[PDB]
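First up is the structure itself, then whatever we jot down about it.
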Amino acid sequence: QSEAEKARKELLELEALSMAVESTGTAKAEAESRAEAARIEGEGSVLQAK
Amino acid sequence: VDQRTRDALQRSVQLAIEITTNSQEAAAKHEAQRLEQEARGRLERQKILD
C-alpha cells in the first residue's frame, strides 16, 4: 500500500491539471460566448441609435 | 509384552504422520498467500501507473 500511495500521489497530481483544464475551458467558453454577443449587440446598438 | 499396549503405541505413530502432513500443508498455504499477495500488490501498483 505504501508503494501504491507513492504512485497514487503522481496520478492525483495529474488529475489536478486535467480538472483545472476541464473547469477553465468550460468557464472561459461560456464567458467569451457572452462577451462576443454583448460586443456585437453593443456595436449594433451604436448604429441603431445613429 | 501385551498387544493391547502395542496397539496404543501404533496410534501414536499415525498421529505423528498426520502432524507432519498438516505441517506440510500449512507451510504451502503460507507461501501461496505470500506469493498471491506479492502478485496482487504489483498489480494494484501497475493499475495506478497505467
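So the sequences go chain by chain: A and B.
First residue of the first sequence? That's 309 in the numbering used here, and the numbers climb one at a time after it.
First residue of the second sequence? That's 98 in the numbering used here, and the numbers climb one at a time after it.
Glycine is no exception: its CB is placed at the ideal position from the N, C-alpha and C atoms.
Put simply, the CB of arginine 142(B) is near chain A, with a gap under 8 angstroms to one of its CB atoms. Proximity of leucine 106(B) to chain A, defined by a Cβ-Cβ separation below 8 angstroms, is not satisfied. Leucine 355(A) is not a Cβ neighbour of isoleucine 145(B), given a cutoff of 8 angstroms. Any Cβ of chain B closer than 8 angstroms to the Cβ of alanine 339(A) would place that residue at the interface, and such an atom is absent. Contacts with chain B at 8 angstroms (Cβ-Cβ) include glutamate 311(A). For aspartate 104(B), the enclosing alpha helix (DSSP H) has its first and last residue at 100-146.
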